[PDB]
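Just below is one structure, and these are the notes that go with it.
Numbers here simply count residues along the sequence, with the first being 1. Both counts, for ligands and for their atoms, begin at 1 and track the order of listing. Just so it is clear, the values below take in all heavy atoms, side chains as well, and ignore hydrogens, waters and symmetry mates.
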Amino acid sequence: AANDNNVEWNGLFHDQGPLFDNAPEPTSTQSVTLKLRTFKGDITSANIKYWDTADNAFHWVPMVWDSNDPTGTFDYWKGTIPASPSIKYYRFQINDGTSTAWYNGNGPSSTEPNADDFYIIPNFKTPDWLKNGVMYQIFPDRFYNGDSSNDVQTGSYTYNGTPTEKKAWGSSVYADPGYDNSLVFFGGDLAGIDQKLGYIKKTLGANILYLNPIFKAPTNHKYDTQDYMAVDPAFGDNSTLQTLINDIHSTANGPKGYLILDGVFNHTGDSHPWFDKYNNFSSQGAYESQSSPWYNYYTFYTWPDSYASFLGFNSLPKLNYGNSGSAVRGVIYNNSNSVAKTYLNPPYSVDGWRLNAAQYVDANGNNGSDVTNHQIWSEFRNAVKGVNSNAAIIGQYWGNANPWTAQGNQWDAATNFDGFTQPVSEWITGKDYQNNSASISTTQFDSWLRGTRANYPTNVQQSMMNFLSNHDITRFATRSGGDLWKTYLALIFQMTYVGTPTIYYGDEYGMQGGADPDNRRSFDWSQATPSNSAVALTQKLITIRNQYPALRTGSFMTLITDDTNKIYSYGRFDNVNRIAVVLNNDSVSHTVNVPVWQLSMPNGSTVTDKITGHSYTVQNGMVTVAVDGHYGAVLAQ
Ligand SMILES: OC[C@H]1O[C@H](O[C@H]2[C@H](O)[C@@H](O)[C@@H](O[C@H]3[C@H](O)[C@@H](O)[C@@H](O[C@H]4[C@H](O)[C@@H](O)[C@@H](O[C@H]5[C@H](O)[C@@H](O)[C@@H](O[C@H]6[C@H](O)[C@@H](O)[C@@H](O)O[C@@H]6CO)O[C@@H]5CO)O[C@@H]4CO)O[C@@H]3CO)O[C@@H]2CO)[C@H](O)[C@@H](O)[C@@H]1O
Ligand SMILES: OC[C@H]1O[C@H](O[C@H]2[C@H](O)[C@@H](O)[C@@H](O[C@H]3[C@H](O)[C@@H](O)[C@@H](O[C@H]4[C@H](O)[C@@H](O)[C@@H](O[C@H]5[C@H](O)[C@@H](O)[C@@H](O)O[C@@H]5CO)O[C@@H]4CO)O[C@@H]3CO)O[C@@H]2CO)[C@H](O)[C@@H](O)[C@@H]1O
Ligand SMILES: OC[C@H]1O[C@@H](O[C@H]2[C@H](O)[C@@H](O)[C@H](O[C@H]3[C@H](O)[C@@H](O)[C@@H](O)O[C@@H]3CO)O[C@@H]2CO)[C@H](O)[C@@H](O)[C@@H]1O
Ligand SMILES: OC[C@H]1O[C@H](O[C@H]2[C@H](O)[C@@H](O)[C@@H](O[C@H]3[C@H](O)[C@@H](O)[C@H](O)O[C@@H]3CO)O[C@@H]2CO)[C@H](O)[C@@H](O)[C@@H]1O
Ligand SMILES: OC[C@H]1O[C@H](O)[C@H](O)[C@@H](O)[C@@H]1O
Ligand SMILES: [Ca+2]
Ligand SMILES: [Ca+2]
Ligand SMILES: [Ca+2]
């Protein structure tokens, strides 16, 4: 490069990783020093332009040359944004004579962008254990039956006129004639999870468990809560839960663990005493009497049969959050004995909440995604963090969750359907997560990923729940048509990307399944051993991620987007390690010359494909590696 009236985009780079930002989660008194990379001698001047919410105006900070990288290929320019309590958004103006380029969350641009700027949110912090961990999601009734004595038998009880049905482990989840899909039970329970912690924390290595609903409810999924204060009898009792938590937190059976529970706060089930549609309690519920002490917990259009609910489901009456200080806000999160605080305090001390149907939470039966909804989650955050600042808050949302994350006053992160699940699905399987035809190329995949990461503050990106499948979509293995190699590829990407890798129970061995309820099949053990190639790889990949902080909180830089050979390569790096990931999405092998010079890997230095152990030497800024179809290499040093 040179001063030739031309800014070379290829040399430009900035994100909030260690090498470029000295304070990614600053307080009100910490200034933020940013470094912008360019090719050596490529520019004449650079400036930081930031919008300060304190005075609704743009501010200008000229940058100064700081240093060259170790390879002498790049320049690092530096500038500092002053400390204050206000949210700020910045972008860079880069000039080389008559050539000007702009750069922000979405990368380089010839024209000045007006969105996707980088975020500075003083005092906003997401749990570091979440950014650095690996999560494992379990749908309780389908994981492991550790205690047959609490099993729901066929006919054990009836819900809304339909008796329960017990299935033999491994059999179909579909209810037989006379029964209902939501009342089919296999016997999975908390004792079972506890007895299988060795598999989770050791065989695989995940240190975070996220469970679907576990509180008393008539269905097998239990999103129709009957009692938030009691573990459902089929899963055990509150004592069973305390034991599981102790064993998860224990460091004697593996790495320290964390537990995230599913918080179903938008609505309750129609069998909850506050509503009591079928008179299952001596108390008077809202459905039973307009004089009920809980009458105003719900919204009736025509008492008692027409009321606000979750997506028209009468079995899920919607809670009326009213105004600040309401009884409903009290029982859900404000009270010390609320649902949210009870489990965050001893003798439970869980580590977080996954917020079900979070976008709908509102007052008066309204549908959320409004001022009131965000006000509620802001109060929720204060209540939760007040009890445990390191308790995680992850909201369910299918699209861009910027509205609930980008001001640092609500959630720490969200279910990454839009920034992870969907793009990964369409790139690898050629199907969207609902198993409908939808395919994207490598260049499109890369662009999609960048644009979605740019929707969030950096700490939020690093805390997103990144799963290949989950209880509301089709299994990855079904979308892949049963091709296990596609799962191999997906796992390598998942374990080396930005955000919390999240494994939906069974995905690690290639479990198949269509739409709900077929995506909740019973866990086929004996398939859960290193003898299964996907399980062995999963274990290896988790060990790799845990070895390199760069894979969890390091910068992310695109290296190769080859649509001809279907090769995707990106680097994860920080002040200590530089890692070049090389993915082959083709059905045949490809030998790739990886431009590791972009990550500043010194010539003559050694790089190791942590997956195979095969060592390589960097020469002329390159490293040549052969990669099988639907597979990948993780070249680290
Ligand atoms: O009269 C005042 C002033 O006049 C002169 O400077 C002016 C200069 O003539 C004019 O071109 C312009 O300068 C531009 C420059 O053209 C741009 O390239 C840019 O300069 C920055 C450069 O791009 C960066 O790479 C960085 O340079 C670093 C290197 O990266 C380091 O490796 C190191 O290299 C030096 C090495 O250590 C020495 O042994 C020797 O080999 O020389 C090497 C090159 O100097 O250090 C340099 C310097 O830190 O940083 C550069 C910025 O300093 O942007 C410039 C500003 O737009 O404008 C100049 C006005 O000041 C005259 O040279 C000055 O002495 C005099 O004070
Ligand atoms: O919440 C959903 C929302 O999420 C995302 O929005 C976020 C942005 O991506 C992010 O950059 C940040 O936005 C800041 C912005 O960075 C900051 O500069 C300031 O915005 C300025 C514009 O930069 C400036 O150009 C001007 O905007 C003009 C615009 O140029 C003109 O074309 C026309 O549209 O009139 C606009 C109004 O003047 O002024 C604004 C401020 O007045 O402030 C922004 C925050 O308000 O944060 C966003 C929210 O988190 C997605 O990008 C977005 O699509 C989603 O709707
Ligand atoms: O709806 C199908 C559609 O999905 C697209 O995926 C990405 C977009 O590429 C990406 O732009 C977008 O991310 C943000 C966008 O850049 C902003 O302009 C603004 O709209 O906020 C968005 C927040 O997500 O996300 C979508 C994922 O839904 C595919 O690119 C496109 O090919 C496909 O048809
Ligand atoms: O038989 C009625 C319907 O049953 C099925 O829908 C169930 C889901 O199976 C159950 O998980 C739950 O959905 C929740 C979903 O899992 C959660 O991620 C989302 O955020 O909130 C949903 C509600 O809490 O409840 C529904 C409704 O009972 C089945 O899929 C559907 O077709 C049947 O009509
Ligand atoms: O899908 C990746 C691999 O699949 C099969 O093993 C092919 O024999 C091999 O050529 C290819 O690299
Ligand atoms: Ca130039
Ligand atoms: Ca059982
Ligand atoms: Ca009653």
Side-chain angles (χ1 to χ4, degrees), residues 104-107 109 113-117 138-153 156 164 166-169 185-196 214 220 226 231-237 240 244 270-295 304 397-406 414-427 430-434 436-457 460-461 464 522-523 561:
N104 70 1
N106 193 52
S109 182
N114 59 193
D116 281 356
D117 284 334
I138 292 169
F139 187 95
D141 184 64
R142 311 298 159 72
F143 188 59
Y144 186 58
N145 184 354
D147 177 15
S148 58
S149 69
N150 58 31
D151 295 4
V152 171
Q153 306 290 167
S156 285
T164 55
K166 164 177 155 44
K167 297 282 189 176
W169 199 269
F185 302 78
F186 286 74
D189 50 44
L190 300 188
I193 297 179
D194 184 36
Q195 299 173 195
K196 295 301 191 176
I214 62 167
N220 51 199
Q226 180 173 62
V231 169
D232 187 283
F235 295 169
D237 58 22
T240 313
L244 171 61
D270 56 357
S271 306
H272 185 115
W274 298 337
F275 202 68
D276 202 16
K277 188 173 188 175
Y278 313 90
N279 187 28
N280 291 305
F281 302 90
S282 54
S283 47
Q284 294 287 308
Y287 183 87
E288 298 175 306
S289 173
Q290 307 195 86
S291 289
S292 168
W294 308 290
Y295 185 65
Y397 197 67
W398 302 79
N400 179 357
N402 176 289
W404 295 270
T405 50
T415 47
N416 212 357
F417 289 100
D418 195 54
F420 186 80
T421 314
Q422 194 69 295
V424 170
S425 185
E426 305 195 5
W427 183 57
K431 308 282 193 56
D432 62 15
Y433 49 59
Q434 300 185 68
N436 282 308
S437 296
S439 178
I440 56 179
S441 57
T442 301
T443 49
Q444 297 178 308
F445 180 53
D446 175 72
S447 175
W448 188 319
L449 294 171
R450 188 189 69 249
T452 49
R453 288 199 306 283
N455 288 329
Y456 308 104
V460 170
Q461 283 174 45
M464 296 295 285
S522 56
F523 192 92
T561 54

Can any side-chain N or O of [X] pair as donor or acceptor with the backbone N or O of [Y] at less than 3.5 Å?
X      : Y      : answer
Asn402 : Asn455 : yes
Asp432 : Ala438 : no
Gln422 : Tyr433 : yes
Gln284 : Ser292 : no

Rounded to the nearest 0.5 Å, what separates atom [atom1] in [X] from atom [atom2] in [Y]?
X      : Y      : atom1 : atom2 : answer
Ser441 : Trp427 : OG    : CH2   : 10.5 Å
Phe445 : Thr561 : CZ    : OG1   : 12.0 Å
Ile138 : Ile214 : CD1   : CD1   : 11.0 Å

Would you say [atom] touches the protein, meaning some protein heavy atom is under 4.0 Å from it?
atom                    : answer
atom 12 (C) of ligand 3 : no
atom 3 (C) of ligand 3  : no
atom 34 (O) of ligand 3 : no
atom 28 (O) of ligand 3 : yes
atom 6 (O) of ligand 3  : yes

May I ask you to check whether [X] brings an N, O or S atom to under 3.0 Å from the Ca ion (ligand 8)?
X      : value
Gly285 : no
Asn279 : yes
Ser283 : yes

>> For atom 24 (O) of ligand 3, tell me which residue out of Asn106, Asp116, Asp418 has the closest non-hydrogen atom.
In response: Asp418
> Sequence neighbours excluded, which residues qualify as ring-ring contact (aromatic ring centres under 6.0 Å, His included) partners of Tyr397?
Replying inline: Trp404
Could you tell me the residue and atom name of the protein heavy atom closest to [atom], and the distance to it rounded to 0.1 Å?
atom                    : answer
atom 23 (C) of ligand 3 : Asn455 ND2, 2.8 Å
atom 31 (C) of ligand 3 : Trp448 CZ3, 4.6 Å
atom 21 (O) of ligand 3 : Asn400 ND2, 3.6 Å

>> Quiz question: by atom type and distance under 3.5 Å, do the side chains of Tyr295 and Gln290 form a donor-acceptor pair?
In response: yes
>> Between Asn104 and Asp117, do the side chains contain a donor N or O and an acceptor N or O under 3.5 Å apart?
In response: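 A donor-acceptor contact under 3.5 Å links the two side chains.
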>> Please verify the inter-ring angle class for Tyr144 with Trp169; under 30° counts as parallel, over 60° as perpendicular, anything in between as tilted.
In response: perpendicular
>> What verdict does the side chain to side chain donor-acceptor pair (under 3.5 Å) test give for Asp237 and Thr240, after you've listed the backbone C-alpha separation in whole Å, the side-chain angles of each residue and the deciding distance to 0.1 Å?
In response: CA-CA 5 Å; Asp237 58 22; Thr240 313; 2.8 Å; yes
>> Taking 3.0 Å as the distance threshold, tell me the number of protein N/O/S atoms next to the Ca ion (ligand 7).
In response: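 Protein N, O or S neighbours of the Ca ion (ligand 7) under 3.0 Å, waters not counted, come to 6.
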> For the Ca ion (ligand 8), what is the closest N, O or S atom on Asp276?
Replying inline: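 For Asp276, the N/O/S atom sitting closest to the Ca ion (ligand 8) is OD2.
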